[PDB]
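Here's the structure we're looking at; comments come further down.
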Amino acid sequence: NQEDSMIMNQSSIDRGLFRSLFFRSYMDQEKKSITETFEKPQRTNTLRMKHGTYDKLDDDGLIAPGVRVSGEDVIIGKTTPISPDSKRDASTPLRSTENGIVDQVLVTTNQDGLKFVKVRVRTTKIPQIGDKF
Amino acid sequence: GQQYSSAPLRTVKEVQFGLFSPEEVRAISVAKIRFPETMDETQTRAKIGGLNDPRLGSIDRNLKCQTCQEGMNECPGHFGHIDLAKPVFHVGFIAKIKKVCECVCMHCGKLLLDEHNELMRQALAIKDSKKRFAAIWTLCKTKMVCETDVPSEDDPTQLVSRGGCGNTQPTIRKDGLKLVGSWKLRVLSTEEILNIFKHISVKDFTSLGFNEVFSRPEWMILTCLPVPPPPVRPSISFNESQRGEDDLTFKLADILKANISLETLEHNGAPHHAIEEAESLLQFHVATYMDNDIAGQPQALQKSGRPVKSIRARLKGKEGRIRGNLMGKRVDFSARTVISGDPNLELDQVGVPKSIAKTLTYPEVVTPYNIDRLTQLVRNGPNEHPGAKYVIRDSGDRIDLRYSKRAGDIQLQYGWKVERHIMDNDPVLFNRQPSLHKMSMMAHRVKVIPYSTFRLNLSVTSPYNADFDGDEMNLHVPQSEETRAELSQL
Amino acid sequence: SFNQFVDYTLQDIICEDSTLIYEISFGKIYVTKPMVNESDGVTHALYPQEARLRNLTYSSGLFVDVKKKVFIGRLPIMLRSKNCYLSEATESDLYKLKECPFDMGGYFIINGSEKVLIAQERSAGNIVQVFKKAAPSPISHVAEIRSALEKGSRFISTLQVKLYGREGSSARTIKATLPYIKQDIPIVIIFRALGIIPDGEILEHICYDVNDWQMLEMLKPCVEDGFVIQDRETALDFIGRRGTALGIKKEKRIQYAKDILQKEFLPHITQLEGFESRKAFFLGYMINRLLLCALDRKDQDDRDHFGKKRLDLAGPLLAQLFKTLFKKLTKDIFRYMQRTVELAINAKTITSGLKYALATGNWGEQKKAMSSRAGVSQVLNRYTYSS
Amino acid sequence: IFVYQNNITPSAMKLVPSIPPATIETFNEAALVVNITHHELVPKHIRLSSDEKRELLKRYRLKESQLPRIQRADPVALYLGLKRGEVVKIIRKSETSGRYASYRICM
Amino acid sequence: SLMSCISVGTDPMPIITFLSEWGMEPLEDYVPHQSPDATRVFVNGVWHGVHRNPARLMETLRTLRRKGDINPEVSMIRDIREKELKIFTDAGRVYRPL
Amino acid sequence: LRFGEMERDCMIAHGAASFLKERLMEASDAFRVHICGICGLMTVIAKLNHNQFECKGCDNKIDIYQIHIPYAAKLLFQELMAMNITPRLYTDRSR
Amino acid sequence: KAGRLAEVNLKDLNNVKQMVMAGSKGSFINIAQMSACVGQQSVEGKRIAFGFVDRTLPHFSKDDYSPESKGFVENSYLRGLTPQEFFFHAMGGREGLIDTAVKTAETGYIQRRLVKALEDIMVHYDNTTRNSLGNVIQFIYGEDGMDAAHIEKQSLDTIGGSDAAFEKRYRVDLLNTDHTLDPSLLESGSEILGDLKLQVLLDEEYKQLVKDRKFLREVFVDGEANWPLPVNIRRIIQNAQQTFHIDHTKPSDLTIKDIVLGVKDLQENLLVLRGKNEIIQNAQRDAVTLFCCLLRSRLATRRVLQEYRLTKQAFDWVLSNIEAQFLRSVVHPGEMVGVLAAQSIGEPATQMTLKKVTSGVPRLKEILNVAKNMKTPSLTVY
Amino acid sequence: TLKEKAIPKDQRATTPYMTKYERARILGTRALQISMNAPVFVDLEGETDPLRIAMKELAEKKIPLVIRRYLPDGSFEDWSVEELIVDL
Amino acid sequence: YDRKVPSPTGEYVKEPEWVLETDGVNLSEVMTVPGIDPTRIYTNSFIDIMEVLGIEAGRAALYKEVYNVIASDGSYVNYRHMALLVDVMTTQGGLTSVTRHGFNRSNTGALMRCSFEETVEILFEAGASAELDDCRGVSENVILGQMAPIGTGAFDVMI
RNA sequence: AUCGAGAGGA
DNA sequence: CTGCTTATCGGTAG
DNA sequence: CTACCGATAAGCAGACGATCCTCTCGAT
Ligand SMILES: [Mg+2]
Ligand SMILES: [Zn+2]
Ligand SMILES: [Zn+2]
Ligand SMILES: [Zn+2]
């Protein structure tokens, strides 16, 4: 506890002392004759997809809420059809460092008529060793 | 991860700074630079013989760099060049272009005060090219006329000879980019000054900070401008179907449009005057692609925003090339975490947390000594701590240890490299910024610990100047044994 | 601050230059309760909560009565303003609206993100200030006034009343720097320019005590630089000025000066014809303040005094924009008419010109050269209620 | 040694380097009232011979320029008369070692 | 701080039209040498002339303020030992209660 | 993580140079360019696998050398080249 | 005075006093402010100046220069600051925060410049000190060719002491039955009495010790003995008389030559500059000079034989040890001092945060600019 | 002209002691070779660390490396890891 | 002021002296005065000291101030470090500033002087005056990313 | 991924 | 809170 | 006496400004 440290009772930590929920939100739109699409991706002459597993996405290209996400797991599967010289991947993975459970998923539309999505992921965070106070 | 060179390899010894000649620029290049376009010759997505390519680097990850071959990750990018019809001033040298034009008169182009003056005699003998030019300037800035003849030093009369026609020399001023003076108005054209330096005697160069072969005033103002290659101005962004080029590419387009804005007035419909209006903008862009911080106007739109960059502000101090990417680079094999202090550690020790240990690696050569522990290390793999990822073979091929079919095997031969996790008692550099010392930069011993902090000894608190109030701290890991020495011995 | 910008400031900024060249002349403004016309659909009453989820802008439509009912654009509405609706809603109503009862709003909102307008602080105009100058400076004291109006465009005509020559330095002249001008003018010429000709009446506007000889002695060297110019007509004449100014003048440069002293020289007080003594007293008051600090009877003016500083808040903040934005909409209709000479309204300009500024920080649209950049409108911050 | 007691008109300083090999040094009396080399800070300066120069220049293996320099109109250097090439030796006292040798070529 | 607010800013016009209708000699008709016992009057830093006996002018102003007839925002700065009286109606001054 | 200019300076104090070349070459960027023995710049066309290095204009075939410098340096020198300045690199100790 | 009233009231079981007694955290001011009173707050040197022209806050009258009106907090942090007090204290605190964020700013501009001005300055090999051009700066690093790492503070006995106390200490007169080495101190002491070949060697010792005292006092006019110097002789001596376990009751086995011609031949072996030519070996002498004062000094026939009695076996070791340690203290050709010299000044520069002379980083800003525009100029005439 | 130079074995002005930097990269340059399965010139007393061996080889003066010490003018002095004294 | 000075008995006794302290500076005319000791008069203006008493006095005077900057704040930095800094300033001939005007024009190789403040121009005139960079200094070898002539790389190992 | 802004950590 | 440039003044030469 | 040249004094203008770090937002 020397030099601006402190010792924290683990026992108290476990009964609930400084425990916290943490929520994060992920977002996506479509296009700006050429429109982006929401779907669980595949190869498709694309051979430029992300690293993690899309396996948590159903058919709309989104995760369901009950599921559990961790590491490079894809959250929003979304493909973009390009001619040009088919469908190039534009999927947003879960944050490199983050983990936890999907809380709510919002499917809506914007002023222009774009398929619009907001995914909320939730983690519980316990007072760990290097946490500031 | 490169190739094999009949050309030897050697340390750089000397660095010579000079200037570009029309002779060089036109022979050093392979590109021609004709059209102000970039790509799509009527929709045709390729390269085009205009600005990007004709014997230069490619974009679609192709070895089509013209026998330059081999991979973007190899071709430095030759270069070509852009034929400026009308001569064009240089930006950073406006100061000196004036200065020299204040030291040399008109018509013949000759030194103003020879050895005949008994003060200039203290300039042609002094060492250094820098202080010499500062000496001459002080004397030949008052005197105007080229002089008839004219002493004779030393002594009485009447006179001797040297050569020249006695015309008056103007009082030159700075007007944005042009040079205008008064005689007793006439503006000094770029064509007018090039012709003054195209001649000029051989002992006129050396007399004032210049060189016969390396740098001439006839090169100081720009005959033929060099065109920088693609690896200096990259491409796309957020499309893969809707372009999105850099920004030095935009400014070269502005010069190219202005260059064949004059030839469409020389060999085509030719007005006599108000064509000087176009000579300012073609000079302005080469005066703005090289610098944009002087006086008058900045720049702005397109296909982008404002103002502008213009090389120099890639060079200027902090976050630019020298002080940001050369003197202090960002580097691999490093880690950062909040520190907390440990009394049950030894002074020279540093608690590296487990997950960081699984991340950072040290290349170890397979030597008959370590095999027994090193092969176990391959078998443990990049998940369990005393393990390893990446195994490097004879031909420099990369075994990724966290994918692949043969990874729960691998018989390690001699002289193979194996990148391993960090194990206990390895020597690592461990600093805290702001780094005020040697002693904010100390080697440490490793003991892999649980929990996410870097653990370190309370008595090493002082030389790093740290609290536990949330101070984060950096750690660097060597990669050569020699370095591993130079860490624990220095 | 936002309620004053809607319930009035909006009104009067519309007027003024609205009248056009027939007579397209603007009038009242009706302001809706926040709506959003979404594509292939109806006009919808957008509540706070809906805006944030949907990445929309909680803005209402402006309507303005034009002359020989019309949509001008969309104004971002400050929450718990005026009609965030909300500012009407009872506690129970708030929960059903899925909006927090502890929410106090502040913050309206753009592209679904909540945005706060940050109070800006500058030095107040229309105050007389005296400033003792450094050592290598020829001038010793300077009386400065950032004269600028309150209801009529944005003209910042800064005026300096300098007092050259150090203590010791012989003959301390006083000159003043006028706006459109180029050189400095002795004050005795300024007065004579306004219409006060006889000295003594000059020093009456300045010095307000017959006994006070010390000040009067201070002004003796000024008069000496005057009696080159001993009549009104020639006092407007010594505004020249210098090297070359067109050439063809005399009767044209006199009328040039005769405007600068009414339109530019102290733009407050007034800007019209029949006022000359209203200003010369004020000018005399400046000289009184400048010399009152040169005799060291009163202190040099404090720069950090909070009562001579003003805060530009969300209201008059939006004013700055709306003035500029409304004039760009105005001078677009003037150019649509020009090509007509035989609908027209570009409502997006005001709509997106407010949104852009309120989204970024660059308070002034696409120019950014206005160094207001300083993160005017920041992204709320909701880590804890107290923050 | 010229000993003027007020000032020199610049038309006179240009007739100084006009008689080689002889040298003339102009000295003001306001600068000569007290001896500067007597002062606490100033240590003893000792001019050395051209034969000892080469001895310094070879035995420390230096270049003409590479030596620490002293000014031509330097207060001490004027007091001993140093032309270009002429080097001084300076025996300053130090809290690290009793003595320390310093050298300055006159530029 | 907790108590502080920003001035919203009223129309200056009813103050002007009040003063000139309660003594207050306009600036044009002012003669400095024969009325030195004069408090000059400022409104948003505009010199609207001079007032003789401001003592009773003050207590009438302060009462109108405290009653409501003059917007309670408007600050009324009487200088005793400088012979000035300034009335400010700007939109940005910071004020507090007490 | 950035190994700042201020951080370099501490490694210099320690006299550890082999580490500073490790940190500024092996980590970060290292690049293998190709200089003309005569003209001195980066003109040489790397016709590798075919042994050819024919730098035209100077008509060089044999007198061409390989060097190890950071890509930032190559970026620096190119930028200078484009700004009409020759930053030449020479192979031998003497001039 | 209020402080020191609270200082001599804190009992020995008082924890705050105990951490101060340890030097672990805190000091006297910390005590004074917490228990007694927090004192007079200051902004820009001067005590709280008027804002409200002629008064500090509108809670006071004008022209009030008394203590509380101009920002003196009579109460301690335990007692509580008052309404006014608190704002005053706030005004002070704020300046602290302000200048900190402007100090490190001004320091890191110092530090960077220093570092960039010295940089390439290293030793080498000719043990001198030079830059990239090979333009020499120092001919011997730090004027003595010693690394600062090894160096330590050591009193120079020759510098202090009375002319009466000095002889007593150092003079060995064999021709003088009241100033000879007692036959209890030396094996030969009684036979050494008289002798004219050993009273030209002792007169050689005592005369150099007196040339030293006139030489040191000419250097250190301060009268200060204690000076940074390599090799701790005091500790080599304490190592000698505990390694060889010497009783202080039986006489030495040293000769008078052993000592006197010992120290003079060790002096020859304290190499720093090595060149066998005239000029180098002349600077070799002019680098060891202070450390040889100090060793004679110390050691001194009288010292060695009477103060800390030494045997011939021990003394030969001591002499061997000093030469050994001395060669370890030399700067290593290659030491980069450029940086090291900057770093050593730029670091405490950062650790400066707040009586008329300009001081601190602001001054240091003039010094490193060679400023013609210096704030506080001053003659100091004697 | 290549070449000379060079400064003979007689008249050595340089410290006969091995410098801490000379030591650190002697160990360094050897541990580079030791790590890479190369002949060892001492008996290995149960130590396996490639830098640990270079230390033992140094204690017994069995390292065949030769220092070139460069003096500003250009001159160099050659010293073997046998003539040099390790004393740090 | 307090002085420590030798008594005829041998010891240093405390002998207090009278010392005058001034708010102005003109050493050219103050030491020339009858009464004061013109072998002890000191100024806190090392710039004047230089001008009057020679470059070498300029050193120590500049040292005394670097010293008082440090020691006034209860710190001690070892002589060699200040003494180095000080002397770098002095060895060019006059008082060389630790700013871009001083030590950046001083004939040093361009690349090294690049990595400072006037980055671009330094390169420019280097192209104009045909500067030959020596490449034996620190920054030059950092730019080219090579074994820098520093400690370790000051010499060169062979077989 | 680049540029431009602000918020916070030591 | 600083170096460089321009203008003005006193001095010498024809 | 007038004109030219040199020297000094005053007035105007430039090139940087702690190190690293983590996040959020908007844009051709
Ligand atoms: Mg803290
Ligand atoms: Zn290529
Ligand atoms: Zn000619
Ligand atoms: Zn070439």
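Lettering and numbering for the structure tokens are positional, with chains as A, B, ... in the shown order, residues counted from 1 in each chain, and ligands counted from 1 in the shown order.
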
Would you kindly return, as a VMD selection string, each protein, DNA or RNA residue with an atom no farther than 12 Å from any atom of residue D:6, considering only C-alpha atoms (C1' of nucleotides) and excluding same-chain residues fewer than 3 positions away? chain D and resid 3 9 26 to 31

Report the residues of stretch 7-91 of chain F whose backbone DSSP state falls under strand (DSSP E), written as a VMD selection string. chain F and resid 31 to 36 64 to 69 87 to 90

Can you work out which residues from chain D touch chain H at a cut-off of 12 Å (counting only C-alpha atoms) and hand them back as a list in words? residues 57, 58, 59, 60, 61, 62, 63 and 66 of chain D

Grab the residues selected above and save them as a short mmCIF file (atom, residue, chain, number, x, y, z; two decimals), in the first residue's frame with N, CA, C and O atoms.
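Result file again09.cif:
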```
data_model
loop_
_atom_site.label_atom_id
_atom_site.label_comp_id
_atom_site.auth_asym_id
_atom_site.auth_seq_id
_atom_site.Cartn_x
_atom_site.Cartn_y
_atom_site.Cartn_z
N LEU D 57 49.97 21.00 -31.51
CA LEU D 57 49.18 20.55 -32.63
C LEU D 57 49.47 19.14 -33.11
O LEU D 57 48.64 18.55 -33.83
N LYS D 58 50.63 18.59 -32.76
CA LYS D 58 50.95 17.25 -33.20
C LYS D 58 50.75 16.27 -32.06
O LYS D 58 50.25 15.16 -32.26
N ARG D 59 51.11 16.70 -30.86
CA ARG D 59 51.12 15.81 -29.72
C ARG D 59 49.74 15.61 -29.15
O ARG D 59 49.53 14.67 -28.39
N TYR D 60 48.79 16.49 -29.48
CA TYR D 60 47.37 16.20 -29.20
C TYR D 60 46.66 15.80 -30.50
O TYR D 60 45.45 15.51 -30.49
N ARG D 61 47.44 15.78 -31.59
CA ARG D 61 47.02 15.46 -32.97
C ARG D 61 45.73 16.17 -33.44
O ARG D 61 44.72 15.55 -33.73
N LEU D 62 45.80 17.49 -33.50
CA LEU D 62 44.64 18.30 -33.78
C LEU D 62 44.72 18.90 -35.15
O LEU D 62 45.71 18.72 -35.86
N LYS D 63 43.63 19.57 -35.54
CA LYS D 63 43.60 20.45 -36.71
C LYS D 63 43.66 21.91 -36.23
O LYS D 63 43.12 22.23 -35.14
N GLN D 66 40.41 23.02 -34.87
CA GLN D 66 39.76 22.22 -33.83
C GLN D 66 39.98 22.69 -32.37
O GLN D 66 39.31 22.24 -31.45
#
```

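With only C-alpha atoms taken into account, chain B has residues 436, 437 and 438 of chain B at most 8 Å from chain G.
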
Please compute the atom CA of residue G:102-atom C1' of residue L:16 distance, one decimal, in Å. 15.0 Å

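The binding environment of ligand 3, defined as every protein, DNA or RNA residue with an atom no more than 12 Å away and counting only C-alpha atoms (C1' of nucleotides) and all ligand atoms, comprises residues 103, 104, 105, 106, 107, 108, 109, 110, 111, 112, 113, 114, 144, 145, 146, 147, 148, 149, 162, 163, 164, 165, 166, 167, 168, 169, 196 and 200 of chain B.
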
Around ligand 2, which protein and nucleic acid residues have at least one atom no more than 9 Å from it, if we count only C-alpha atoms (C1' of nucleotides) and all ligand atoms? List them as an NGL selection string. (:B and (55-58 or 63-72 or 74-79 or 229)) or (:F and (45-46))

DSSP alpha helix (DSSP H) residues within stretch 110-346 of chain B, listed as a ChimeraX atom specification: /B:129-136,190-198,202-205,217-220,248-259,263-266,276-286,312-315,321-325

If the limit is 6 Å from any atom of ligand 4, counting only C-alpha atoms (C1' of nucleotides) and all ligand atoms, which residues qualify? Return them as a PyMOL selection string. chain F and resi 36+38-41+43

Residues as selected, N, CA, C and O atoms, written as an mmCIF file, in the first residue's frame, can you do that?
```cif
data_model
loop_
_atom_site.group_PDB
_atom_site.id
_atom_site.type_symbol
_atom_site.label_atom_id
_atom_site.label_comp_id
_atom_site.auth_asym_id
_atom_site.auth_seq_id
_atom_site.Cartn_x
_atom_site.Cartn_y
_atom_site.Cartn_z
ATOM 1 N N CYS F 36 23.607 4.038 -56.726
ATOM 2 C CA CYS F 36 24.564 4.117 -57.817
ATOM 3 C C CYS F 36 25.904 4.607 -57.296
ATOM 4 O O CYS F 36 25.979 5.634 -56.621
ATOM 5 N N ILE F 38 28.386 5.872 -59.005
ATOM 6 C CA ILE F 38 28.714 7.140 -59.646
ATOM 7 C C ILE F 38 27.747 8.221 -59.119
ATOM 8 O O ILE F 38 28.079 8.950 -58.175
ATOM 9 N N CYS F 39 26.538 8.265 -59.684
ATOM 10 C CA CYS F 39 25.605 9.382 -59.473
ATOM 11 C C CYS F 39 25.107 9.566 -58.029
ATOM 12 O O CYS F 39 24.728 10.671 -57.644
ATOM 13 N N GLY F 40 25.138 8.494 -57.241
ATOM 14 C CA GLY F 40 24.905 8.582 -55.787
ATOM 15 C C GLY F 40 23.480 8.472 -55.232
ATOM 16 O O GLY F 40 23.300 8.242 -54.019
ATOM 17 N N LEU F 41 22.476 8.641 -56.102
ATOM 18 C CA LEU F 41 21.058 8.691 -55.681
ATOM 19 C C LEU F 41 20.346 7.329 -55.743
ATOM 20 O O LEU F 41 20.993 6.269 -55.754
ATOM 21 N N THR F 43 18.375 5.598 -58.216
ATOM 22 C CA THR F 43 17.948 5.518 -59.615
ATOM 23 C C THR F 43 17.952 4.073 -60.065
ATOM 24 O O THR F 43 17.192 3.679 -60.956
#
```

Residues of chain J no more than 9 Å from chain B, counting only C-alpha atoms (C1' of nucleotides): send them over as a ChimeraX atom specification. /J:1-2,9-10

For the residues selected in the previous step, produce a file with N, CA and C atoms (P, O5', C5', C4', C3', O3' and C1' of nucleotides) as a PDB file, in the first residue's frame.
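part_25.pdb written:
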```
ATOM      1  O5'   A J   1      -7.120   2.471 -39.422  1.00  0.00           O
ATOM      2  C5'   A J   1      -5.692   2.470 -39.710  1.00  0.00           C
ATOM      3  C4'   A J   1      -5.425   3.014 -41.112  1.00  0.00           C
ATOM      4  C3'   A J   1      -5.561   4.526 -41.251  1.00  0.00           C
ATOM      5  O3'   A J   1      -4.286   5.142 -41.046  1.00  0.00           O
ATOM      6  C1'   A J   1      -6.890   3.438 -42.927  1.00  0.00           C
ATOM      7  P     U J   2      -4.065   6.235 -39.888  1.00  0.00           P
ATOM      8  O5'   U J   2      -4.040   7.602 -40.732  1.00  0.00           O
ATOM      9  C5'   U J   2      -3.143   7.788 -41.832  1.00  0.00           C
ATOM     10  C4'   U J   2      -3.668   8.825 -42.808  1.00  0.00           C
ATOM     11  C3'   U J   2      -4.108  10.160 -42.216  1.00  0.00           C
ATOM     12  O3'   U J   2      -3.025  11.035 -41.985  1.00  0.00           O
ATOM     13  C1'   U J   2      -5.709   9.421 -43.767  1.00  0.00           C
ATOM     14  P     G J   9      -7.795  14.216 -15.663  1.00  0.00           P
ATOM     15  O5'   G J   9      -6.733  12.993 -15.907  1.00  0.00           O
ATOM     16  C5'   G J   9      -6.824  11.692 -15.231  1.00  0.00           C
ATOM     17  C4'   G J   9      -5.944  10.573 -15.811  1.00  0.00           C
ATOM     18  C3'   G J   9      -4.460  10.642 -15.519  1.00  0.00           C
ATOM     19  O3'   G J   9      -4.302  10.167 -14.207  1.00  0.00           O
ATOM     20  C1'   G J   9      -4.774   9.977 -17.770  1.00  0.00           C
ATOM     21  P     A J  10      -3.960  11.298 -13.088  1.00  0.00           P
ATOM     22  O5'   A J  10      -2.704  10.567 -12.383  1.00  0.00           O
ATOM     23  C5'   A J  10      -1.358  11.090 -12.528  1.00  0.00           C
ATOM     24  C4'   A J  10      -0.487  10.095 -13.235  1.00  0.00           C
ATOM     25  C3'   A J  10       0.917  10.626 -13.302  1.00  0.00           C
ATOM     26  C1'   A J  10       0.050  10.231 -15.506  1.00  0.00           C
TER      27        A J  10
END
```

Mind checking which residues fall within 10 Å of residue I:51, counting only C-alpha atoms (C1' of nucleotides), ignoring those fewer than 2 positions away in the same chain, and posting them as a VMD selection string? (chain D and resid 73 to 75) or (chain I and resid 27 to 28 46 to 49 53 to 55 57 to 58 94 to 95)

Atomic distance atom CA of residue G:264 - atom CA of residue G:207, expressed in Å with one decimal: 13.5 Å

Would you mind listing what lies within 10 Å of residue A:41 as a CSV table (one decimal) with N, CA and C atoms, in the first residue's frame, with only C-alpha atoms (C1' of nucleotides) counted and same-chain residues fewer than 6 positions away left out?
```
chain,number,residue,atom,x,y,z
A,49,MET,N,-12.5,-11.3,-45.8
A,49,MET,CA,-13.3,-11.2,-44.7
A,49,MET,C,-12.5,-11.1,-43.4
A,54,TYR,N,-18.0,-15.6,-37.6
A,54,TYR,CA,-19.3,-15.0,-37.8
A,54,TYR,C,-20.4,-15.9,-37.2
A,55,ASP,N,-20.0,-17.0,-36.6
A,55,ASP,CA,-20.9,-18.1,-36.2
A,55,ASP,C,-22.0,-17.7,-35.2
A,57,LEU,N,-23.7,-14.9,-35.5
A,57,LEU,CA,-24.7,-14.1,-36.3
A,57,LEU,C,-25.8,-15.1,-36.9
A,59,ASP,N,-29.3,-14.7,-39.3
A,59,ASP,CA,-29.6,-14.6,-40.7
A,59,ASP,C,-29.7,-13.1,-41.2
A,61,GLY,N,-27.7,-11.0,-40.0
A,61,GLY,CA,-26.3,-10.5,-39.9
A,61,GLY,C,-26.1,-9.9,-38.6
A,76,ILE,N,-21.7,-7.4,-36.2
A,76,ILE,CA,-22.6,-6.9,-37.3
A,76,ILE,C,-22.0,-7.4,-38.6
A,77,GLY,N,-22.7,-8.4,-39.2
A,77,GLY,CA,-22.3,-8.9,-40.5
A,77,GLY,C,-23.0,-8.1,-41.5
A,78,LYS,N,-22.3,-7.7,-42.5
A,78,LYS,CA,-22.8,-6.7,-43.5
A,78,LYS,C,-21.9,-6.7,-44.7
A,79,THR,N,-22.5,-7.0,-45.8
A,79,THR,CA,-21.6,-7.1,-47.0
A,79,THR,C,-21.9,-5.9,-48.0
A,87,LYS,N,-19.2,-9.5,-53.3
A,87,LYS,CA,-19.6,-8.8,-52.1
A,87,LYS,C,-18.4,-8.7,-51.1
A,88,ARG,N,-17.9,-7.5,-50.9
A,88,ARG,CA,-16.8,-7.2,-49.9
A,88,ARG,C,-17.2,-7.0,-48.5
A,89,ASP,N,-16.5,-7.7,-47.6
A,89,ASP,CA,-17.0,-7.6,-46.2
A,89,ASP,C,-16.8,-6.3,-45.5
A,90,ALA,N,-17.8,-5.8,-44.8
A,90,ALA,CA,-17.8,-4.6,-44.0
A,90,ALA,C,-18.4,-4.9,-42.6
A,91,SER,N,-17.9,-6.0,-42.0
A,91,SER,CA,-18.5,-6.4,-40.7
A,91,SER,C,-17.7,-5.8,-39.5
```

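When atom CA of residue G:177 is paired with atom CA of residue G:193, their separation reads 7.8 Å.
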
Residue G:259 environment, 10 Å, only C-alpha atoms (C1' of nucleotides), sequence neighbours closer than 2 positions dropped, as a ChimeraX atom specification: /G:254-257,261-264,299-301,304-305,312,315-316,319

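For stretch 40-50 of chain D, the set of protein, DNA and RNA residues having any atom at most 7 Å away, when counting only C-alpha atoms (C1' of nucleotides) and skipping those fewer than 4 positions along the same chain, is residues 54, 87, 88, 89, 90, 91 and 92 of chain D; 39, 40, 53, 56, 57 and 60 of chain I.
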
List the neighbours of residue L:17 out to 8 Å using only C-alpha atoms (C1' of nucleotides); skip same-chain residues closer than 5 positions along the sequence, and give me the result as a PyMOL selection string. chain G and resi 105-106+109

Give as a ChimeraX atom specification every residue of chain B that touches chain I within 9 Å, counting only C-alpha atoms. /B:11-19,92-93,96,128-130,208-211,214-217,220,312,315-317,322-323,326-328,486

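Residues of chain E lying within 7 Å of chain C, counting only C-alpha atoms, are residues 8, 27, 28, 32, 33, 45, 46, 47, 92 and 93 of chain E.
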